[PDB]
Structure formats: C-alpha cells, structure tokens
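We begin with a single chain expressed as structure tokens, specifically the form deposited in one PDB entry.
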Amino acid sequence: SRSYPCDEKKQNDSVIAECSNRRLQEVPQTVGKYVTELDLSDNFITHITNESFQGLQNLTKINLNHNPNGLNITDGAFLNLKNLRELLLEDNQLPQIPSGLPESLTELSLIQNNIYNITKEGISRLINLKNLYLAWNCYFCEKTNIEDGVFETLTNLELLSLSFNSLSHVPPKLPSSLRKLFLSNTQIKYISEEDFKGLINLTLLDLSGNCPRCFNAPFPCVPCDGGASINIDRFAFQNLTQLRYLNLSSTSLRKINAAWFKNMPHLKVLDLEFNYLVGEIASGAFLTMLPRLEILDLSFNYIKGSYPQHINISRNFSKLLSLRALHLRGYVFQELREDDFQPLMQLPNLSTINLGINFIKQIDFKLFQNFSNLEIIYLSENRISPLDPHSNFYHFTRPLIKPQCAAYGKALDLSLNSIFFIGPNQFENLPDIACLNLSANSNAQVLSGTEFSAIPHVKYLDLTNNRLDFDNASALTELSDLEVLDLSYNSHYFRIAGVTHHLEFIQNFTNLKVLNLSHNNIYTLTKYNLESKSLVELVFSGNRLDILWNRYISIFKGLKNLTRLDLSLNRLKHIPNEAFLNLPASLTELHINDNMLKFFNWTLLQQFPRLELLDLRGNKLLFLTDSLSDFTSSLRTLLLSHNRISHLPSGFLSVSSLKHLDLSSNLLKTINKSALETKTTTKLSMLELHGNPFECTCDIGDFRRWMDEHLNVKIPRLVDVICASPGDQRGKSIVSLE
C-alpha cells in the first residue's frame, strides 16, 4: 500500500499529496480518493479534462503551477469538484480565464498567464471568492480589458491583485468588502477621488511602480514622460479610514500632500522608496498626520549629482510617536552628527534604524547613546574609516542583522565599510553592544586584547571576510562574555613561519559556545592543541586537515564539551586511526562530508557513545561494515550519499537506533535477501535510494517485497529510483515492475 507517484502525508486528519517536480506527462489516476490537497506543480502536464480528478471528490486544494515546465483546460473540467476551495493556476500560458470554474472557489491564482480579458463568463459566477490573484498577465496586448462591473458580484472579495498589468486606470465598480487592493506597476498615472469610492473596509493599498524611478529593477522599468510623478487627487484617500498599509514606492513623487492622511488615523506601514522626497524629509507637513505609523521607509530618495555633508531630518519627525523602524537607505550623505538625529531620540518605540548604502564617511557614534529603545543599528555599505511574483520588490523584508546575533541584545552592523584596521577610538562612545558585525572590511588588525575594550559585552562577533591576525593568545579575550565567534574566509595577512596559526586564545573564553574557523586555510598550527570547557560547536571546513595529519593527532582532544564538529572540505584522503580516536567523545554530530575518503574505520565509532549523526556524503567510500551494531548503539542518522558503495552488507539494517539511512547517488545494483534478513524488528523511518544504477531484473524482486512489507520505512523520490538495466525497464522506477 505504498503511494506512487505522490508522497502522501496525513496533516491534521487531511491527507496531502506532494506530486510536484516528478516529470509527470498527465494527471495520475493512482492518487488516493481520500486526499484533500494535491500539488501537481512543475510537471509536464498539458491537458486538464473532467476525468483528471475523477473519484477525488474531497479535493479542497489543487496546485497546477508551471505546467508544462501551454496548459489546455476544457470547459467545466473542475466543475465536478464540489469541495474545491483553492485553485492555483500560475505560469500555465492560459490565453483566457478557464470557463466552468466551480462556485465553491475561495482562492484563485492566475499569475503569469496570457489572460488579456477579465470577463463575467469566468469571474462573475464565482461569488464565494475571497482572494483573486491576476498579476503578470498583460505586462509587456496594449491594455487589459476589464469588463465594466466584473468584480461587482464578488461581494466576499477581500484581496484583489491586478499588479504588473497594462491597466492605465483603476477598474471601477469594486466590491465594498475589499480589504487589500494591489495595483503595483499598472501604468496608472492619475488617481482621482472617485477611483476608490466605496472601499470603507480597505486596510491595504499598493500603488507602487506607477511613474517609476528606475533603480536596478528586476522587471522592466519605463519612467513617465517629462519626469512626471503619480498624480493623486487631494481627496483621493478621504474615504479610506481603515487604511493601515500604503505602498507608494517608485512613484517619482516630489511633494507629499498631507491632506491624503487626514482621514487615515490607523496608517501603520508607509512605503516611500525610490522617490525624490529629500525636500519632504527636510520639511514634510505629512509627518504630523501619522501618529500611529510603526514602519516608515524613505530609502533611495537621493538627489542626482549631490553628496550633501549632512542628512536634513525635519523636526516634525518627533511627531511619529508610534515609530518602530525607520528605513533611510540610499539618501547618500557624508556625515551624521548628533544634532541631525535630534527629532528621533525621544520616540519611545523606535528600535530599528536602517542607514545602509549611504556612503557616510564619518559618524558621531555618541548619538546612539541618546536613543531610548534602539536595538538594531544597521550601517552596512558605508564609508566609515579607522578611529518571484509573490515578493516585496521595493522594501527590504529580510532581517537586517541575523536573528541569532540580534537575540543577544543591541546589534550594530558595520560591515562593507572602509575599516581596514580597528583604530584605538573605533568603538568609543558606543552603547552596550551585544551583537557586532565587522564583515568584509579588508581588516588586517593584529588582535591583542584591547580593540574591543569600549564594548566588552559583545556576545556574537562576526569578523568574516577579513585579513585578521589572531595569533596572539590575548586576541579577543577582552570580550569575556563572547559566545559566538565567526571567522569564516579569514585570509591571514601577516603569516609568521613558526607562529601562524596560533589558536591559544580560544581556551581563555569561559562561555564561548560556537566558533567558525571555516575557509581559513589552516595548514599549520603552533601549544598545537585546541582546548575549551564551554565550546559546543566547531566549524573547521575549508581548511587543510590533510596536511596537518604526528604533532596534530590530538588537535581537538581538549574540546571536552564539543557536540558538533564540521570537518568538511579538508581534502582528507585517509583519517589516521590514532587521530580519529582522539576526537571528542561527547560528539553528537560529526560531519566529514565533501572530502576524498577512500576508507572509513567503523570500529572506531565504539569510543563515541553519544554520536547520533554521522555525515560521510561526497566521499569515495566503497565498503560498509557487516557488524555496525557491535560498534554503535546511538547512531540515529547516517548520511552516505554520493559515494562508491556497490554492496549493502549482510544484516546492515539488523543497528536498532538507526532512523535515517541515506544511500542515494551510490553504485548499488541490487539489495539481496541477506541484507534484508532481519530477525529483530528495525526502527528505520527513512531510506533514501535515488540515483543508484539498479538492475531491474528478477534480483530486484526480493527488495520490492521488502518495500511492501515495511510501509513504515518511508522511501522518498520514488520517481528518481531509476533502473539502469535492462533496456526495456531503463528509465522506469523500481516500484513499476513485474
């Protein structure tokens, strides 16, 4: 009773089927009639008829995106499905909206299609529709033909997205129940008082990309004639009292009318990126009309040809009492003084200040102490010196600073700047910084224990992509509370023959939990051993453990409390038995992937009683031990993908703790009865076997019966478990055979 070709999983008593990216020519008739959600996306399906979903009467959600990776849908093909609530038909090259859609539809997505006419024959009958997506249809068809009153009968429509279409004007006769109206990149150059007549429950309005400021856009960008901006009438948003989100990004706006926000007391998010509002930032009457605004974005509003000495922030900025995040990227100015940010120091909830990509040469860092609740100071891509159609295409939605860093406390990001060395006055007059990012600064500082004395409570320090010298035993030891140190891609700049690398600084830390020394080109150590009582995770990938491997046999033996160790990309051909035995016994996860290991001594796993995860992927191993149970009694996950293993030993499954065995992309031709003969019951939950040259002859029948007898062992990617021989069964799955 194993499902094929879908990976069926019971989620909240509703069986879902994941049949995506499986190279399916047609809709499969081998799907259980009890499934509710079906995902047939990224397949080569070309035709949809009224017999495709025959028998599956409990289908509440159908996904047919990117088919074929156009789609021919007959009239009333989905009409038989009386329980269909969600239908996704994105990127299907549909010329028109499918006629005969079921009335029980609540969410319809027709994004990235060739739909030029929005007619009543395919839309008006769908009165239960709550969400309607019609983006990227008549994008770059001179204009989208919207039938007058096509959305009138949809009295339950809460979301209408007509983005990236040649609309030219807001469609009239829209339902009053509309909560979110998306009109981004719609060529609507004029907004009138009558355009949004009866939208009293409208909480979101997106009018971005209309008369745009072309700044490295991922989609075509054509500005309005004569540098014109979007023409919004004085009383256009006078009836939208419940507006919370207003997106006016890339609208070439030069002046903001404060009268727009007179009847908008709940406006929480205002987007004004890619405009020409430098004058509005300096005076702005509209700043007094936004008392409940929490997110304000005025990024990339710079004036061409000018690089002002200071940022001109209006005193009216003090009237944004609810402000939490201020985004001011791309303003482009030379210096930030304490007096420039005076109208922001009294805002009680302002926790995020985004000043990235501003080319600031010097900052008066004492001004940050003047703030009350600052938690994120993002200053990346500046000049500080020593001492997807479902995406937000204008606002930076991803976390400015990594969540694992910001969780420790006050976060300051000084990455991609001109701090080529840590000056003596580098961090003076700074708040109590708990997260610091000095990444990609070409920093060649010879660390000695005094550089971070002004900010000694840094718990997460990111020093990636620099030329730092940390050979001194006192390096970084002034950060007594340091928990996470990131030194990835650190190329030493002052290498001493009998000194580099000297990792003695690590043992001084009483609370260092995670150390990342990846891609540091560590081929020699000098006190050669690494010791630490608090270290839990060490990343030593992209180093030269092959050159090191008898002075470096017990290299990580002193890390008595280490649970995670990454030894990938070290060019290891053969790990010495004495060196492997001297690895920390406390290890729970060991990653020796992407190396060149020809042999692995499985007997050595006896000295690691807590080892649950063993990663040996991307290697050249040919043999497996026939008595793995005699060496381990805790190994829950064993990853051996992309190896040269051609035979599974007798009783390899007969280790009890093993719940995940990955033998994909190997050289296994067949799984014989000796390897499957288990007297004791196995506890395996997942067995990956795709990418193997299986012989689909009578020899594979023994393993075929084991798959039917053991339905608890989930085998993923059944369509990728391909037979190499014979010519008749070549290409077919091992589950589809006599």
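Superpose the two forms; the largest set of C-alphas matching within 1.5 Å is the rigid core. Only residues modelled in both forms are compared. Start at 1 with the first residue shown and count on from there.
Note that the form deposited in another entry isn't included here; everything after this is about it.
Taking the core as reference between this form and the one not shown, the lone member of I127, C214, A282, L667 whose Cα moves by 2 Å or more is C214. If you fit the rigid core between this form and the one not shown, you'll see the Cα of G226 move by less than 2 angstroms. For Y307, a C-alpha deviation below 2 angstroms is recorded between this form and the one not shown after rigid-core alignment. Taking 2 Å as the criterion, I496 counts as shifted between this form and the one not shown: its C-alpha moves by at least this amount when the rigid core is aligned. The gap between the Cα atoms of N570 and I496 is smaller in that other deposited form, by no less than 3 Å, than in this form. In comparison with the shown form, the Cα-Cα distance of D481 and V499 increases by at least 3 angstroms in that other deposited form. Fitting the two forms on their rigid core shows CA movement of 2 Å or more between this form and the one not shown over runs of at least three residues at 138-140, 214-220, 491-501.
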